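These notes concern the structure reproduced below.
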Amino acid sequence: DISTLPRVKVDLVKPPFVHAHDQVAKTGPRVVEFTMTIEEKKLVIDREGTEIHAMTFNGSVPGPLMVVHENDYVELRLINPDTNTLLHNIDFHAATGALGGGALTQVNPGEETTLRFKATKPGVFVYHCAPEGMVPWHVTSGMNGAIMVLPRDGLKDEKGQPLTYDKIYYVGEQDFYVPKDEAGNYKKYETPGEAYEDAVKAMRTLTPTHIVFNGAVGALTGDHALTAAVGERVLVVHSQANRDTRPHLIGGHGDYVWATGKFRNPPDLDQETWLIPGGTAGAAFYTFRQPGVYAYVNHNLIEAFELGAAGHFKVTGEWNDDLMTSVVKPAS
Amino acid sequence: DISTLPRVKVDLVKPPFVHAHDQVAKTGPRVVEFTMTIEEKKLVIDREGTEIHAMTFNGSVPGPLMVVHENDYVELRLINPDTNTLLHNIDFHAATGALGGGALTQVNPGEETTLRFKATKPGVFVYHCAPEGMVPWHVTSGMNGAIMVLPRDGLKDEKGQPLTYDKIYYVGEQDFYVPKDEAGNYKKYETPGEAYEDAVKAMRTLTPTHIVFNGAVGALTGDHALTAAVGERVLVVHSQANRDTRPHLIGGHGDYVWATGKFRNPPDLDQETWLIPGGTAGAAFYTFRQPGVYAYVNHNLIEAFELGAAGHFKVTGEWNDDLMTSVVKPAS
Amino acid sequence: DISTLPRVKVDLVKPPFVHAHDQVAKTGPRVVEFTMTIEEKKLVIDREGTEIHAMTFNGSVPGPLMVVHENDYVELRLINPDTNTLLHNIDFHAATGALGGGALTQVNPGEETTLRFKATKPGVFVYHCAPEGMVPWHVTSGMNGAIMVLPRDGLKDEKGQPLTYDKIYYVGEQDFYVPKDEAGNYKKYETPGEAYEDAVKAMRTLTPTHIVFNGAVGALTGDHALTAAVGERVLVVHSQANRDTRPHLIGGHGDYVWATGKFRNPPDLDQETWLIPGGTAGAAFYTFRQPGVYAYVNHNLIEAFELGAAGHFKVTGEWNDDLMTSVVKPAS
Ligand SMILES: O=N[O-]
Ligand SMILES: O=N[O-]
Ligand SMILES: O=N[O-]
Ligand SMILES: O=N[O-]
Ligand SMILES: O=N[O-]
Ligand SMILES: O=N[O-]
Ligand SMILES: O=N[O-]
Ligand SMILES: O=N[O-]
Ligand SMILES: O=N[O-]
Ligand SMILES: O=N[O-]
Ligand SMILES: O=N[O-]
Ligand SMILES: O=N[O-]
Ligand SMILES: O=N[O-]
Ligand SMILES: O=N[O-]
Ligand SMILES: O=N[O-]
Ligand SMILES: [Cu+2]
Ligand SMILES: [Cu+2]
Ligand SMILES: [Cu+2]
Ligand SMILES: [Cu+2]
Ligand SMILES: [Cu+2]
Ligand SMILES: [Cu+2]
């Protein structure tokens with residue numbers, strides 16, 4: 001009887017940050033209430049000023065990370081305001097039935113809907129838009145995110161002992177297929193609808209024009225670099241709704257990795273690079289041991305350094321010469 | 001001494017169906033006899049009427065699934081009738097030695113051969129044609145299938161308890177590279193031999209023109225949708241002989257997945273999406289919990305919804321509102 | 001106190017061979033000293049005589065495999081002689097901090113540097129060049145290799161029992177992106193610097209022109225085929241610094257596979273084909289059971305047989321008819 005369960009309302013935050021939550025559940029099962037508003041907006045995705053018509057959940061690419069516990073109910077109010085132009089919906093890979101909820105959430109502009117589902121399996125999972133006949137166009141326009149379903153007793157290592165993270169970040173990786181004219185210049189449209197047949201032809205090449213973290217080339221750099229301190233335990237959730245990716249922390253490792261994101265499985269240890277298949281979310285746990293700048297990339301290095309799939313951590317603290325040292329600095 | 005072993009003759013059925021077999025072996029080791037006839041035929045692969053010259057085992061793409069138990073002998077009579085034009089052979093990834101049998105099975109039109117091999121390792125494995133100098137052309141013309149080698153005591157979960165399936169389907173996923181003229185229209189040839197140098201150039205782009213389940217866009221839909229009932233336990237075997245794939249059941253999960261198909265390993269649990277590397281067969285076990293239409297796709301959504309890698313399940317039974325429900329239907 | 005530790009100097013050998021080492025450590029922790037010299041050279045990569053300007057560690061593509069034990073220190077003297085034209089450095093995925101050492105090893109021509117790092121995690125790992133702003137160009141010009149960090153008590157199976165290899169080979173797989181003119185012919189340049197903007201445009205297609213083992217089409221064939229004997233236990237280390245690969249031994253299996261290369265994890269058993277994500281090294285252990293020629297390929301068969309990712313083993317010994325036999329040889 002759901003009506004006897006506590007209801008909690010959560011306000012979502014913008015990626016790469018994650019809304020406040022408890023790792024080990026401090027209550028019994030709850031109905032966890034989220035609201036998301038769909039926003040179609042123009043987005044500048046690179047340093048050259050290339051613009052697309054992005055389709056978003058809550059104004060960001062990716063959509064925000066939702067965090068619940070195993071056997072909570074998720075109740076999502078989904079709003080499509082009348083300033084949008086397209087029909088949208090939502091499919092949760094965490095959920096069971098009705099095309100992940102996609103069959104029950106089709107909202108024209110000016111409509112809203114409320115879906116509830118039980119979070120029966122622990123893990124990180126992708127959610128994304130999936131309207132009949134226009135699935136890849138919506139997804140590769142940025143209409144995807146993830147949800148983390150924590151076990152009620154939090155995360156465990158390969159021997160079943162607790163793993164507690166100090167910080168958590170969400171990296172959404174987006175493949176874009178910007179249409180190009182004959183000479184290779186990117187095209188521009190006034191509405192999303194205008195772009196449709198060009199977008200399909202661009203997708204059909206299977207060759208993205210941009211691959212980015214958090215919606216743009218250089219989004220996780222400079223003043224927007226991820227931060228940590230030496231000795232901190234950091235969980236990085238990474239999703240790709242459409243295309244394989246192979247994350248790698250330059251200068252570090254994935255101490256404990258759930259590459260396909262499902263926490264009833266033991267983690268893989270000591271990973272250099274791991275594969276997150278398209279349509280999956282994964283999670284990697286690392287404890288920082290050295291200060292400095294680290295780069296977090298897709299380790300297809302062309303995708304990283306030419307197409308944009310690279311961000312930075314800035315880590316503060318004490319240098320440990322036992323782990324690495326320059327014996328003779330570069331010299332003639 | 002093989003001559004003292006029982007011999008059983010099996011008649012194969014067309015994918016996605018699988019020939020009758022026992023999960024737990026009810027006899028000791030046997031010689032299991034199969035016959036396959038090679039058929040080169042014209043195949044229409046999409047709704048536009050694009051035709052290729054397909055090269056098949058037993059008239060289908062994929063070839064039929066063969067099922068034996070660990071430490072059975074497989075004896076295959078392979079027939080290349082004189083109505084075909086090409087030399088063919090067979091390589092079993094389940095087998096040991098002679099290029100998986102490819103070195104011993106080279107048959108010109110008008111020839112036949114009988115190979116025997118011992119099935120020493122449990123798992124699902126790919127088989128495919130592999131003639132010297134023309135390997136990828138034969139494979140990507142549809143000349144591949146799979147064989148399942150069950151452990152003698154059937155399948156086990158991660159804790160070694162029995163997993164029994166009620167139904168089993170075989171999904172063969174095929175990447176085609178149809179040659180194109182200057183403007184982008186698909187070419188047509190009278191014989192397979194005519195297409196050869198154009199086929200190579202098309203393969204070299206590494207970009208398929210079509211990716212399909214069971215030989216055509218829409219083959220596993222409509223009256224050809226896969227069926228199940230709520231409460232049924234379904235094993236889906238999925239092979240890709242040449243290119244990576246990332247299957248996903250929309251609205252469900254892979255409860256127990258052997259993504260690289262080898263049953264001495266524990267399954268991965270609770271998968272949303274899994275990676276089957278090209279040249280591999282994998283297997284996923286799911287118990288249906290909700291009725292309705294489900295889509296089974298490659299979760300590169302362009303490959304699924306534009307290039308054709310999508311099929312349907314139709315599941316009958318009772319709706320469970322506790323798992324999912326529409327709280328407020330779409331409305332203004 | 002490092003100054004009290006034994007120092008051992010190792011001379012590296014050319015791939016696919018590996019320098020002499022002990023599987024089970026016969027001493028305590030040591031400082032293991034390696035020297036590598038950077039060589040920029042012209043390389044002929046295919047049977048047509050296509051030439052590139054390769055950037056190498058120690059004159060080979062890949063760079064040599066380095067072998068140490070867990071909790072050894074690696075001290076690398078890296079030399080960039082004044083006959084080279086570019087700035088280079090080295091990033092070890094085995095190491096912790098400073099961008100894997102890349103931040104501390106930037107050497108102009110005429111310079112050298114000595115880096116030391118502690119090998120804290122057991123596994124095979126990629127190393128590669130990674131100069132600021134030119135990372136993928138250096139890597140896809142062949143400037144990568146691997147390092148194996150053995151556990152102090154050698155390798156273990158899934159039940160923790162010793163696995164001892166009789167032989168070890170290193171296969172480095174290289175994706176090249178040779179620029180092409182309008183008609184599709186490969187271009188030629190006098191210096192590496194000349195090629196730069198054409199190289200970027202070629203990389204951006206995400207479509208390699210060649211994928212090769214040990215630096216050239218056909219490098220691991222003929223008199224350069226890998227050898228073994230029936231009954232021998234062979235470890236094959238396989239690295240790909242930039243792009244996914246799916247190795248497969250035609251006629252055999254991966255008995256024990258660490259597909260992502262990290263030895264604290266149990267191996268996957270009985271693999272037909274496995275996925276090594278780009279930016280990773282993996283390792284596969286096989287015991288040969290049949291004599292003959294075997295092909296070791298990337299099982300995207302186009303990448304193998306058209307683009308060049310294929311080599312051979314030649315195995316000597318006795319044929320076992322129980323495992324495979326031709327019952328009726330090909331005949332009318
Ligand atoms: O500004 N809407 O794409
Ligand atoms: O956007 N209508 O609630
Ligand atoms: O699905 N492409 O990695
Ligand atoms: O191929 N996926 O980056
Ligand atoms: O999907 N297990 O990480
Ligand atoms: O009809 N034979 O391709
Ligand atoms: O096709 N000859 O048996
Ligand atoms: O081998 N291509 O996924
Ligand atoms: O890249 N394989 O779909
Ligand atoms: O290959 N083991 O699923
Ligand atoms: O010959 N140096 O590229
Ligand atoms: O190349 N200078 O040591
Ligand atoms: O990163 N390409 O497999
Ligand atoms: O897609 N990697 O071969
Ligand atoms: O990464 N473990 O094979
Ligand atoms: Cu949408
Ligand atoms: Cu999906
Ligand atoms: Cu054939
Ligand atoms: Cu094969
Ligand atoms: Cu370099
Ligand atoms: Cu790297």
Side-chain angles (χ1 to χ4, degrees), chain A residues 158 184 205-209 211 230 244-255 257 259 266-277 288-295 297-307 310 315 319-332, chain C residues 2 73 75 77-78 80 89 91 93-108 110-118 120-123 125-126 128 130 133-136 139-140 177 200 203-207 241-244 260-265 275 277-281:
Chain A
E158 80 294 358
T205 66
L206 302 186
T207 304
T209 54
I211 305 175
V230 169
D244 305 330
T245 184
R246 60 215 53 80
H248 177 90
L249 181 65
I250 300 170
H253 297 87
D255 285 340
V257 180
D268 295 324
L269 311 177
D270 297 332
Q271 301 294 277
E272 73 187 300
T273 299
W274 46 104
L275 193 289
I276 304 170
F288 287 93
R289 301 189 186 288
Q290 295 278 40
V293 176
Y294 292 70
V297 304
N298 175 338
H299 212 291
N300 177 313
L301 299 173
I302 300 161
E303 298 180 2
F305 294 107
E306 295 296 324
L307 301 197
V315 182
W319 183 266
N320 177 346
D321 277 302
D322 183 55
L323 289 178
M324 185 174 281
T325 202
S326 182
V327 176
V328 180
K329 279 166 199 212
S332 305
Chain C
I2 286 138
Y73 300 80
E75 195 169 284
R77 191 183 162 209
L78 183 70
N80 194 1
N89 71 351
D91 167 353
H93 289 189
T96 305
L99 299 177
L104 308 174
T105 56
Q106 296 172 55
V107 284
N108 292 284
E111 300 185 329
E112 71 160 83
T113 189
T114 296
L115 179 72
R116 175 161 72 236
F117 76 87
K118 195 180 190 183
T120 61
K121 295 175 175 299
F125 298 81
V126 166
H128 62 85
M134 318 199 285
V135 174
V139 175
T140 66
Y177 300 80
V200 165
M203 293 188 288
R204 291 179 73 97
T205 66
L206 302 186
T207 304
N242 193 65
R243 173 171 195 90
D244 305 330
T260 50
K262 308 300 165 288
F263 300 134
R264 278 186 203 142
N265 300 290
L275 193 289
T280 325

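Each chain gets a letter, A, B and so on, in the order its sequence line appears, and its residues count up from 1.
- Under the 3.5 Å distance criterion, the side-chain polar atoms of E306(A) are left unmatched by any main-chain donor or acceptor of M203(C).
- Salt bridge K262(C)/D268(A): absent, no basic N to carboxylate O contact under 4.0 Å.
- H128(C) NE2 to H299(A) NE2: the interatomic distance, rounded to the nearest 0.5 Å, is 3.0 Å.
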Original post:
Going through the distances and angles, do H93(C) and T273(A) end up as a side chain to side chain contact (heavy atoms under 4.5 Å, CB included)?
Top reply: CA-CA 9 Å; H93(C) 289 189; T273(A) 299; 4.2 Å; yes
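- If you measure heavy-atom distances from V200(C) to chain A, the contacts under 4.5 Å come from the side chain alone.
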Please table the atom pairs, donor to acceptor, closer than 3.5 Å between any side-chain atom in residues 325-332 of chain A and protein atoms at least two apart or in another chain.
| from | atom 1 | to | atom 2 | distance (Å) |
| --- | --- | --- | --- | --- |
| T325(A) | OG1 | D321(A) | OD1 | 2.7 |

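- Atom CZ of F125(C) and atom CD of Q271(A) lie 9.0 Å apart (nearest 0.5 Å).
- Options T113(C), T207(C), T280(C), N242(C) differ in how many heavy-atom pairs under 4.5 Å they form with chain A, and the most are formed by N242(C).
- For a residue to count as touching a neighbouring chain, one of its non-hydrogen atoms must lie under 4.5 Å from one of that chain's; by this rule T205(A) does not touch chain C.
- Looking at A130(C), neither its backbone nor its side chain comes within 4.5 Å of chain A, counting heavy atoms on both sides.
- Minimum heavy-atom separation, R204(C) to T209(A): NH2-O, 3.9 Å.
- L78(C) does not touch chain A: none of its heavy atoms, backbone or side chain, sits under 4.5 Å away.
- Side chain of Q290(A) to main chain of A98(C): no donor-acceptor pair is present (N/O by atom type, distance under 3.5 Å, no hydrogens or angles).
- For the residue pair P136(C) and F305(A), the shortest heavy atom distance occurs at CD-CB, 3.8 Å.
- The parts of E112(C) that come within reach of chain A are both its backbone and its side chain, each placing non-hydrogen atoms under 4.5 angstrom from that chain.
- Using a 4.5 Å cut-off between heavy atoms, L206(C) touches chain A through its side chain atoms alone.
- At a 4.5 Å heavy-atom cutoff, the contact between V293(A) and chain C is made by backbone atoms alone.
- With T96(C) contributing its side chain and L323(A) its backbone, the two residues share no donor-acceptor pair below 3.5 Å.
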Original post:
Stepwise, does the side chain to side chain contact (heavy atoms under 4.5 Å, CB included) test hold for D244(C) with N300(A)?
Top reply: CA-CA 8 Å; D244(C) 305 330; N300(A) 177 313; over 6 Å; no
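- In this structure, OG1 in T260(C) is found 14.0 Å from CZ in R246(A), a value given to the nearest 0.5 Å.
- For the atom pair CG (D270(A)) and CZ (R264(C)), the distance works out to 4.0 Å, reported to the nearest 0.5 Å.
- Contacts with chain C were tallied for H253(A), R289(A), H248(A); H253(A) has the most, counting heavy-atom pairs under 4.5 Å.
- Interface residue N265(C): only side-chain heavy atoms are found under 4.5 Å from chain A.
- Contact tally against chain A (heavy-atom pairs below 4.5 Å) for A241(C), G101(C), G123(C), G261(C): the top residue is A241(C).
- Put simply, OG1 on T140(C) and CD1 on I302(A) are 5.5 Å apart, with the number rounded to the nearest 0.5 Å.
- Contact of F263(C) with chain A is not made at all, since no heavy-atom distance falls under 4.5 Å.
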